[PDB]
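Here's the structure, in structure tokens; my notes come after.
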2 protein chains.
Amino acid sequence: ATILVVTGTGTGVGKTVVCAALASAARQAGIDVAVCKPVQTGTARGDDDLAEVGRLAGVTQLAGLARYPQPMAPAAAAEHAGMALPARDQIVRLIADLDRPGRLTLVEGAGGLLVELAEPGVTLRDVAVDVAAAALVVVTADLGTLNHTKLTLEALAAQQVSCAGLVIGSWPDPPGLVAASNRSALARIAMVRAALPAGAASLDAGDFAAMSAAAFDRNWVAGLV
Amino acid sequence: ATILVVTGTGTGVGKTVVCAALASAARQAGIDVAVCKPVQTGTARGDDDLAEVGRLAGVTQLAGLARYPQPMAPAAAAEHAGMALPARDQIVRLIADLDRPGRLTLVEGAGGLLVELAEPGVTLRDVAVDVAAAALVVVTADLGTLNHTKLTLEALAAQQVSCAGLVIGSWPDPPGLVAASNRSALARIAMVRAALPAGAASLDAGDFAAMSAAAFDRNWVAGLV
Ligand SMILES: Nc1ccn([C@@H]2O[C@H](COP(=O)(O)OP(=O)(O)OP(=O)(O)O)[C@@H](O)[C@H]2O)c(=O)n1
């Protein structure tokens with residue numbers, strides 16, 4: 001029963017595409033995969049990350065909980081719809097019901113690691129502690145990422161949430177000086193599990209699966225479960 | 001003899017314009033101001049943060065140690081240039097020498113809080129501990145700012161660096177739903193000392209002075225030294 005929380009250094013760094021990529025790689029290794037989005041904001045703009053994982057990677061086991069119309073931080077999105085945040089134990093139950101031996105359960109947060117998912121001040125990091133997940137950290141290759149990554153990793157070690165590694169969510173072609181350097185530096189901060197090529201979401205079923213299996217070290221993925 | 005480290009939740013949050021705006025407000029309160037930027041990068045395209053502070057706020061005690069031509073993070077810019085960052089001792093004693101009774105000494109980093117500034121691995125945080133400065137955190141008003149701010153505040157707390165407060169480096173006009181929510185939300189996390197209007201960096205000195213004197217609570221400024 002392997003639970004893996006998929007966080008990121010920010011909003012829009014590619015958490016969702018990494019989830020699909022990692023799900024795809026794992027399924028291609030015969031590993032059962034469930035993906036879980038406990039807090040989904042922006043549904044009124046049409047955002048639905050579970051649907052994107054499904055479309056991209058063919059995952060059928062998709063689990064949602066809270067959905068808010070506005071594209072905001074959950075607390076703001078909720079209060080705008082006159083809705084409340086889910087309870088901490090509500091989020092943990094969701095993940096727990098998905099968890100089982102042999103299965104890789106991916107939990108994609110909302111935005112970065114310390115976004116509030118439940119009141120008071122409950123975040124993905126607290127959730128990680130409760131389900132004993134490790135955390136996969138999705139990062140950009142852009143200027144500013146080293147700080148953001150170091151901050152997120154520190155935040156994680158602060159509650160002894162293991163770090164499963166880094167994934168560069170979007171990797172330009174060709175990479176510029178700044179992108180190249182940041183990769184080398186990021187790799188020194190932590191294990192870089194993969195660097196997904198820019199625009200991977202434009203790929204069709206096969207192209208995505210092909211990309212995904214190329215992207216991750218097969219021994220790492222096999223060894224997740 | 002007040003030293004104040006000015007740091008940001010990322011690149012381009014407006015650290016420089018906040019240094020200048022506080023320096024300006026402080027001067028108009030009768031306080032002597034020094035700004036220190038020990039490492040300046042991106043000189044090949046004219047990046048000169050100290051000069052901006054000079055033009056906007058009229059500060060004259062503007063001190064620096066290193067100028068790397070590449071628009072990168074110091075350590076990377078240095079390695080591209082084939083020359084080490086300055087030694088830890090250089091930065092701390094520069095700041096220490098700037099410091100004097102009756103004076104506000106602002107120290108501006110390069111990017112975010114855990115960016116390496118000196119050899120070896122010395123960050124702006126280590127510097128703040130060494131010179132016993134409080135830390136002023138420049139933030140955005142954009143989606144993602146709550147996470148970035150909380151990560152930065154946590155990192156500051158983990159080494160017992162006090163937080164002088166937050167400043168939104170660029171307040172949009174009109175604000176829009178996210179920015180309006182975030183300004184309230186940042187105030188729930190830490191004191192919001194000021195929110196500088198978008199575009200303030202293009203102001204001439206006189207206009208910048210007037211904006212600055214309105215941007216901060218005068219008592220807080222007065223009580224800084
Ligand atoms: N290798 C990649 C990485 C990202 N994307 C695109 O870039 C955007 C950002 O990716 P996403 O996974 O949605 O970002 P998240 O980190 O998941 O942002 P959020 O917090 O809103 O879920 C998406 O439209 C996605 O299709 C892409 O084309 N290919």
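The first residue you see is number 1, and the count goes up from there.
The way this entry was determined, per its header, is X-ray crystallography, 2.4 Å.
Each residue, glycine too, has its Cβ placed from N, Cα and C.
Marked as ATP binding site by Swiss-Prot: B:12-17, B:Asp49, B:108-111, B:169-170, B:197-199. Annotation source Swiss-Prot lists Mg(2+) binding site at B:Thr16, B:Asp49, B:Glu108, citing sequence analysis. Per Swiss-Prot, active site is recorded for B:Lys37. According to Swiss-Prot, the feature substrate binding site maps to B:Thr41.
Structure coloured by features recorded in Swiss-Prot.
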residue: B:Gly14; record: ATP binding site; CB count, 10 Å: 22
residue: B:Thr16; record: ATP binding site; CB count, 10 Å: 25
residue: B:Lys37; record: active site; CB count, 10 Å: 25
residue: B:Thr41; record: substrate binding site; CB count, 10 Å: 26
residue: B:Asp49; record: ATP binding site; CB count, 10 Å: 21
residue: B:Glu108; record: Mg(2+) binding site; CB count, 10 Å: 27
residue: B:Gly109; record: ATP binding site; CB count, 10 Å: 26
residue: B:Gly111; record: ATP binding site; CB count, 10 Å: 26
residue: B:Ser170; record: ATP binding site; CB count, 10 Å: 24
residue: B:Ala198; record: ATP binding site; CB count, 10 Å: 16
**OP:** Would you mind listing, in sequence order, any of the binding-site residues B:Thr16, B:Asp49, B:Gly111, B:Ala198 that have a CB less than 8 A from a CB of chain A?
**Re:** B:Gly111
**OP:** For the recorded Mg(2+) site formed by B:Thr16, B:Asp49, B:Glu108, name the remaining residues of the chain with Cβ within 8 Å of the site's Cβ center, in chain order.
**Re:** B:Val6, B:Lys15, B:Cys19, B:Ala20, B:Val35, B:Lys37, B:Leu50, B:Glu52, B:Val53
Original post:
In whole Å, how far is B:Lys37 (active site) from B:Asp49 (ATP binding site) when you measure between their Cα atoms?
Top reply: 8
Original post:
Rounded to the nearest angstrom, how far is the Cα of B:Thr41 (substrate binding site) from the Cα of B:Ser170 (ATP binding site)?
Top reply: 22
Subject >> DSSP three-state assignment for B:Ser170 (ATP binding site) >> reply: strand
Original post:
What Cα-Cα separation, expressed in whole Å, is found between B:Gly109 (ATP binding site) and B:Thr41 (substrate binding site)?
Top reply: 11
Original post:
How big is the Cα-to-Cα gap, in Å, between the residue listed as 'substrate binding site' and B:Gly111 (ATP binding site)?
Top reply: 10
Original post:
Tell me, which recorded positions from B:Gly14, B:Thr16, B:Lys37, B:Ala198 are within 10 Å of B:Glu108 (Mg(2+) binding site) if we use the C-alpha atoms?
Top reply: B:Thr16, B:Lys37
Original post:
B:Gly12 (ATP binding site) has how many other Cβ neighbours within 10 Å of its own Cβ?
Top reply: 13
